file query_13.pdb (PDB, C-alpha atoms)
ATOM      1  CA  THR A   4      72.974 109.065  89.067  1.00  0.00           C
ATOM      2  CA  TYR A   5      72.157 106.587  91.831  1.00  0.00           C
ATOM      3  CA  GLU A   6      71.125 103.866  89.373  1.00  0.00           C
ATOM      4  CA  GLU A   7      74.487 104.179  87.614  1.00  0.00           C
ATOM      5  CA  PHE A   8      76.179 103.819  91.012  1.00  0.00           C
ATOM      6  CA  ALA A   9      74.363 100.589  91.882  1.00  0.00           C
ATOM      7  CA  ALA A  10      74.888  99.219  88.366  1.00  0.00           C
ATOM      8  CA  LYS A  11      78.611  99.999  88.556  1.00  0.00           C
ATOM      9  CA  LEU A  12      78.911  98.184  91.891  1.00  0.00           C
ATOM     10  CA  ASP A  13      77.086  95.141  90.504  1.00  0.00           C
ATOM     11  CA  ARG A  14      79.271  95.129  87.378  1.00  0.00           C
ATOM     12  CA  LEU A  15      82.444  95.133  89.487  1.00  0.00           C
ATOM     13  CA  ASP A  16      81.101  92.254  91.583  1.00  0.00           C
ATOM     14  CA  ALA A  17      80.387  90.160  88.483  1.00  0.00           C
ATOM     15  CA  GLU A  18      83.904  90.697  87.112  1.00  0.00           C
ATOM     16  CA  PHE A  19      85.531  89.724  90.417  1.00  0.00           C
ATOM     17  CA  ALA A  20      83.367  86.590  90.557  1.00  0.00           C
ATOM     18  CA  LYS A  21      84.252  85.672  86.965  1.00  0.00           C
ATOM     19  CA  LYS A  22      87.964  86.069  87.739  1.00  0.00           C
ATOM     20  CA  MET A  23      87.750  83.407  90.448  1.00  0.00           C
ATOM     21  CA  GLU A  24      85.109  81.248  88.783  1.00  0.00           C
ATOM     22  CA  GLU A  25      87.303  80.883  85.682  1.00  0.00           C
ATOM     23  CA  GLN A  26      90.508  80.082  87.583  1.00  0.00           C
ATOM     24  CA  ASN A  27      88.728  77.414  89.632  1.00  0.00           C
ATOM     25  CA  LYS A  28      87.138  76.135  86.408  1.00  0.00           C
ATOM     26  CA  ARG A  29      90.326  75.481  84.415  1.00  0.00           C
ATOM     27  CA  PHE A  30      92.417  74.457  87.443  1.00  0.00           C
ATOM     28  CA  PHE A  31      90.405  71.260  87.933  1.00  0.00           C
ATOM     29  CA  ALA A  32      91.021  70.307  84.280  1.00  0.00           C
ATOM     30  CA  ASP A  33      94.809  70.286  84.871  1.00  0.00           C
ATOM     31  CA  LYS A  34      94.954  67.653  87.624  1.00  0.00           C
ATOM     32  CA  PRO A  35      97.072  64.502  87.129  1.00  0.00           C
ATOM     33  CA  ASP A  36      95.717  61.430  85.384  1.00  0.00           C
ATOM     34  CA  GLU A  37      93.167  59.249  87.173  1.00  0.00           C
ATOM     35  CA  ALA A  38      95.574  56.290  86.962  1.00  0.00           C
ATOM     36  CA  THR A  39      98.235  58.118  89.020  1.00  0.00           C
ATOM     37  CA  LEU A  40      96.152  59.327  91.995  1.00  0.00           C
ATOM     38  CA  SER A  41      95.593  57.042  94.969  1.00  0.00           C
ATOM     39  CA  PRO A  42      92.099  56.811  96.505  1.00  0.00           C
ATOM     40  CA  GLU A  43      93.430  59.048  99.287  1.00  0.00           C
ATOM     41  CA  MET A  44      94.774  61.495  96.685  1.00  0.00           C
ATOM     42  CA  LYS A  45      91.340  61.564  95.085  1.00  0.00           C
ATOM     43  CA  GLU A  46      89.769  62.322  98.468  1.00  0.00           C
ATOM     44  CA  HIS A  47      92.497  64.904  99.115  1.00  0.00           C
ATOM     45  CA  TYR A  48      91.911  66.513  95.718  1.00  0.00           C
ATOM     46  CA  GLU A  49      88.141  66.523  96.290  1.00  0.00           C
ATOM     47  CA  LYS A  50      88.287  68.213  99.697  1.00  0.00           C
ATOM     48  CA  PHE A  51      90.800  70.648  98.195  1.00  0.00           C
ATOM     49  CA  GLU A  52      88.470  71.524  95.309  1.00  0.00           C
ATOM     50  CA  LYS A  53      85.384  71.787  97.525  1.00  0.00           C
ATOM     51  CA  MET A  54      87.148  74.049 100.041  1.00  0.00           C
ATOM     52  CA  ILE A  55      88.117  76.471  97.276  1.00  0.00           C
ATOM     53  CA  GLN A  56      84.475  76.795  96.232  1.00  0.00           C
ATOM     54  CA  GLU A  57      83.463  77.329  99.866  1.00  0.00           C
ATOM     55  CA  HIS A  58      86.028  80.139 100.090  1.00  0.00           C
ATOM     56  CA  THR A  59      84.867  81.399  96.681  1.00  0.00           C
ATOM     57  CA  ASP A  60      81.170  81.627  97.536  1.00  0.00           C
ATOM     58  CA  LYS A  61      82.097  83.189 100.887  1.00  0.00           C
ATOM     59  CA  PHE A  62      83.998  86.022  99.185  1.00  0.00           C
ATOM     60  CA  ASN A  63      81.413  86.592  96.452  1.00  0.00           C
ATOM     61  CA  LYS A  64      78.767  86.950  99.174  1.00  0.00           C
ATOM     62  CA  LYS A  65      80.953  89.201 101.327  1.00  0.00           C
ATOM     63  CA  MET A  66      81.520  91.509  98.337  1.00  0.00           C
ATOM     64  CA  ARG A  67      77.828  91.991  97.612  1.00  0.00           C
ATOM     65  CA  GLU A  68      77.344  92.662 101.330  1.00  0.00           C
ATOM     66  CA  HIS A  69      79.923  95.450 101.073  1.00  0.00           C
ATOM     67  CA  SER A  70      78.268  96.719  97.881  1.00  0.00           C
ATOM     68  CA  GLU A  71      74.833  96.880  99.524  1.00  0.00           C
ATOM     69  CA  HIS A  72      76.420  98.730 102.451  1.00  0.00           C
ATOM     70  CA  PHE A  73      77.851 101.303 100.021  1.00  0.00           C
ATOM     71  CA  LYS A  74      74.595 101.815  98.100  1.00  0.00           C
ATOM     72  CA  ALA A  75      72.773 102.629 101.343  1.00  0.00           C
ATOM     73  CA  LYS A  76      75.353 105.256 102.315  1.00  0.00           C
ATOM     74  CA  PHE A  77      75.194 106.774  98.817  1.00  0.00           C
ATOM     75  CA  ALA A  78      71.383 106.958  98.725  1.00  0.00           C
ATOM     76  CA  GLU A  79      71.216 108.668 102.128  1.00  0.00           C
ATOM     77  CA  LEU A  80      73.566 111.384 100.838  1.00  0.00           C
TER      78      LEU A  80
ATOM     79  CA  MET B   1     108.046  69.852  92.475  1.00  0.00           C
ATOM     80  CA  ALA B   2     109.603  73.107  93.660  1.00  0.00           C
ATOM     81  CA  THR B   3     109.610  74.509  90.120  1.00  0.00           C
ATOM     82  CA  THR B   4     105.982  73.393  89.746  1.00  0.00           C
ATOM     83  CA  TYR B   5     104.819  75.392  92.772  1.00  0.00           C
ATOM     84  CA  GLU B   6     106.866  78.462  91.834  1.00  0.00           C
ATOM     85  CA  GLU B   7     105.454  78.341  88.306  1.00  0.00           C
ATOM     86  CA  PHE B   8     101.984  78.055  89.858  1.00  0.00           C
ATOM     87  CA  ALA B   9     102.485  80.983  92.246  1.00  0.00           C
ATOM     88  CA  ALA B  10     103.947  83.107  89.447  1.00  0.00           C
ATOM     89  CA  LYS B  11     100.924  82.279  87.283  1.00  0.00           C
ATOM     90  CA  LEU B  12      98.508  83.448  89.988  1.00  0.00           C
ATOM     91  CA  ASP B  13     100.448  86.670  90.573  1.00  0.00           C
ATOM     92  CA  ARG B  14     100.505  87.493  86.855  1.00  0.00           C
ATOM     93  CA  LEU B  15      96.766  86.869  86.505  1.00  0.00           C
ATOM     94  CA  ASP B  16      96.085  88.928  89.637  1.00  0.00           C
ATOM     95  CA  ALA B  17      98.224  91.779  88.300  1.00  0.00           C
ATOM     96  CA  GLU B  18      96.375  91.756  84.973  1.00  0.00           C
ATOM     97  CA  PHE B  19      92.985  91.692  86.707  1.00  0.00           C
ATOM     98  CA  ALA B  20      94.007  94.598  88.946  1.00  0.00           C
ATOM     99  CA  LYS B  21      95.184  96.720  86.014  1.00  0.00           C
ATOM    100  CA  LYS B  22      92.072  95.806  84.019  1.00  0.00           C
ATOM    101  CA  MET B  23      89.998  97.012  86.981  1.00  0.00           C
ATOM    102  CA  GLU B  24      91.971 100.237  87.323  1.00  0.00           C
ATOM    103  CA  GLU B  25      91.616 101.070  83.623  1.00  0.00           C
ATOM    104  CA  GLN B  26      87.866 100.459  83.441  1.00  0.00           C
ATOM    105  CA  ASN B  27      87.324 102.510  86.603  1.00  0.00           C
ATOM    106  CA  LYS B  28      89.543 105.144  84.978  1.00  0.00           C
ATOM    107  CA  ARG B  29      87.459 105.319  81.795  1.00  0.00           C
ATOM    108  CA  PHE B  30      84.165 105.094  83.699  1.00  0.00           C
ATOM    109  CA  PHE B  31      85.026 108.123  85.852  1.00  0.00           C
ATOM    110  CA  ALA B  32      86.210 110.083  82.797  1.00  0.00           C
ATOM    111  CA  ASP B  33      82.663 109.922  81.360  1.00  0.00           C
ATOM    112  CA  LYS B  34      80.871 112.629  83.344  1.00  0.00           C
ATOM    113  CA  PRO B  35      79.378 116.052  82.571  1.00  0.00           C
ATOM    114  CA  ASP B  36      81.678 119.014  82.063  1.00  0.00           C
ATOM    115  CA  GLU B  37      83.224 120.737  85.071  1.00  0.00           C
ATOM    116  CA  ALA B  38      81.487 123.940  83.924  1.00  0.00           C
ATOM    117  CA  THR B  39      78.068 122.254  84.239  1.00  0.00           C
ATOM    118  CA  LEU B  40      78.377 120.747  87.742  1.00  0.00           C
ATOM    119  CA  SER B  41      77.539 122.839  90.790  1.00  0.00           C
ATOM    120  CA  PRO B  42      79.786 122.644  93.877  1.00  0.00           C
ATOM    121  CA  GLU B  43      77.153 120.294  95.312  1.00  0.00           C
ATOM    122  CA  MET B  44      77.345 117.983  92.283  1.00  0.00           C
ATOM    123  CA  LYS B  45      81.146 118.105  92.290  1.00  0.00           C
ATOM    124  CA  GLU B  46      81.261 116.939  95.911  1.00  0.00           C
ATOM    125  CA  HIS B  47      78.703 114.237  95.096  1.00  0.00           C
ATOM    126  CA  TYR B  48      80.634 113.074  92.024  1.00  0.00           C
ATOM    127  CA  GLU B  49      83.881 112.895  94.018  1.00  0.00           C
ATOM    128  CA  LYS B  50      82.325 110.722  96.729  1.00  0.00           C
ATOM    129  CA  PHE B  51      80.878 108.671  93.862  1.00  0.00           C
ATOM    130  CA  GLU B  52      84.356 107.951  92.489  1.00  0.00           C
ATOM    131  CA  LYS B  53      85.872 107.351  95.934  1.00  0.00           C
ATOM    132  CA  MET B  54      83.239 104.817  97.026  1.00  0.00           C
ATOM    133  CA  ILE B  55      83.731 102.863  93.796  1.00  0.00           C
ATOM    134  CA  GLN B  56      87.526 102.953  94.115  1.00  0.00           C
ATOM    135  CA  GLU B  57      87.335 102.116  97.826  1.00  0.00           C
ATOM    136  CA  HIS B  58      85.164  99.083  97.058  1.00  0.00           C
ATOM    137  CA  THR B  59      87.622  98.058  94.325  1.00  0.00           C
ATOM    138  CA  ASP B  60      90.852  98.411  96.321  1.00  0.00           C
ATOM    139  CA  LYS B  61      89.353  96.690  99.378  1.00  0.00           C
ATOM    140  CA  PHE B  62      88.567  93.493  97.455  1.00  0.00           C
ATOM    141  CA  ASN B  63      91.689  93.569  95.300  1.00  0.00           C
ATOM    142  CA  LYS B  64      93.505  93.134  98.614  1.00  0.00           C
ATOM    143  CA  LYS B  65      91.108  90.379  99.700  1.00  0.00           C
ATOM    144  CA  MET B  66      91.588  88.606  96.363  1.00  0.00           C
ATOM    145  CA  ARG B  67      95.329  88.587  96.995  1.00  0.00           C
ATOM    146  CA  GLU B  68      94.411  87.206 100.421  1.00  0.00           C
ATOM    147  CA  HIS B  69      92.463  84.455  98.653  1.00  0.00           C
ATOM    148  CA  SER B  70      95.440  83.794  96.368  1.00  0.00           C
ATOM    149  CA  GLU B  71      97.813  83.392  99.313  1.00  0.00           C
ATOM    150  CA  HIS B  72      95.332  80.926 100.811  1.00  0.00           C
ATOM    151  CA  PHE B  73      95.218  79.155  97.440  1.00  0.00           C
ATOM    152  CA  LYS B  74      99.007  78.856  97.165  1.00  0.00           C
ATOM    153  CA  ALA B  75      99.338  77.513 100.714  1.00  0.00           C
ATOM    154  CA  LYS B  76      96.643  74.863 100.264  1.00  0.00           C
ATOM    155  CA  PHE B  77      98.077  73.952  96.853  1.00  0.00           C
ATOM    156  CA  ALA B  78     101.556  73.444  98.308  1.00  0.00           C
ATOM    157  CA  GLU B  79     100.093  71.246 101.049  1.00  0.00           C
ATOM    158  CA  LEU B  80      98.437  69.160  98.321  1.00  0.00           C
ATOM    159  CA  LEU B  81     101.644  68.762  96.308  1.00  0.00           C
ATOM    160  CA  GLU B  82     103.360  67.768  99.558  1.00  0.00           C
ATOM    161  CA  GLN B  83     100.817  64.968  99.954  1.00  0.00           C
ATOM    162  CA  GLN B  84     101.285  64.186  96.254  1.00  0.00           C
ATOM    163  CA  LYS B  85     105.071  64.012  96.663  1.00  0.00           C
ATOM    164  CA  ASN B  86     104.986  61.838  99.792  1.00  0.00           C
TER     165      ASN B  86
END
call {"tool": "encode", "arguments": {"input": "query_13.pdb", "output": "structure tokens"}}
result
Amino acid sequence: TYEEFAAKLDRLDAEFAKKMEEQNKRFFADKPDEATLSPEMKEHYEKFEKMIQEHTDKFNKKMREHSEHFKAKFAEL
Amino acid sequence: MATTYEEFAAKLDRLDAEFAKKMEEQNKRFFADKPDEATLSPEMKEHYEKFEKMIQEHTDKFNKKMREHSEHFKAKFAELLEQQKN
């Protein structure tokens, strides 16, 4: 019963991560042509893309932290 | 420019709505696969209910935070198109 609880929590975390990993994956492939972006635009697009991944890894980590906090409360019961 | 951002924000909201429903249906079918009510003691019934609540609480809490991440994505994307326009 407990093992199914921890496996369910981990399966939900993987699906949430895939939802954001896929949107960030295809979004970078839709940017304008390299001949239309200024060197500042390239630096602005790069800091934009990097910041999204920083916010993505931060929320994938904060979800597993909440999952570990739930498993502990379920095992003690 | 304005139609581009609105088409982008509508795309994110439609994908978020599909992901939320997909999550609600799988949690629905996962909870519907449990032993019969005539086989669970009152102790097991209370344990199975807290089981479903903790999973749904962990799902609804991060569905809200994903919408929070989408709002942060739309705002930073509009600021980028503003730099692209100017």
call {"tool": "interface_residues", "arguments": {"input": "query_13.pdb", "of": "chain B", "to": "chain A", "cutoff": "8 Å", "atoms": "all atoms listed in the file", "output": "ChimeraX atom specification"}}
result
/B:19,51,54-55,58-59,62,69,73,76,80,83-84
call {"tool": "axis_aligned_box", "arguments": {"input": "query_13.pdb", "around": "region 9-23 of chain A", "padding_each_side": "5 Å", "output": "lines of an AutoDock Vina configuration file"}}
result
center_x = 81.2
center_y = 92.0
center_z = 89.4
size_x = 23.6
size_y = 27.2
size_z = 14.9
call {"tool": "closest_residue", "arguments": {"input": "query_13.pdb", "among": "B:74, B:86, B:21, B:33", "to": "residue 4 (chain B)", "atoms": "all atoms listed in the file"}}
result
B:74
call {"tool": "closest_residue", "arguments": {"input": "query_13.pdb", "among": "B:27, B:42, B:1, B:67", "to": "residue 79 (chain B)", "atoms": "all atoms listed in the file"}}
result
B:1
call {"tool": "residues_near_point", "arguments": {"input": "query_13.pdb", "point": "(93.2, 71.4, 91.1)", "cutoff": "10 Å", "atoms": "all atoms listed in the file", "output": "PyMOL selection string"}}
result
(chain A and resi 26-35+48-49+51-52+55) or (chain B and resi 77+80)
call {"tool": "atom_distance", "arguments": {"input": "query_13.pdb", "atom1": "CA of residue 81 (chain B)", "atom2": "CA of residue 17 (chain B)"}}
result
24.6 Å
call {"tool": "atom_distance", "arguments": {"input": "query_13.pdb", "atom1": "CA of residue 17 (chain A)", "atom2": "CA of residue 68 (chain A)"}}
result
13.4 Å
call {"tool": "atom_distance", "arguments": {"input": "query_13.pdb", "atom1": "CA of residue 49 (chain B)", "atom2": "CA of residue 31 (chain B)"}}
result
9.5 Å
call {"tool": "closest_residue", "arguments": {"input": "query_13.pdb", "among": "A:50, A:21, A:14, A:45", "to": "residue 67 (chain A)", "atoms": "all atoms listed in the file"}}
result
A:14
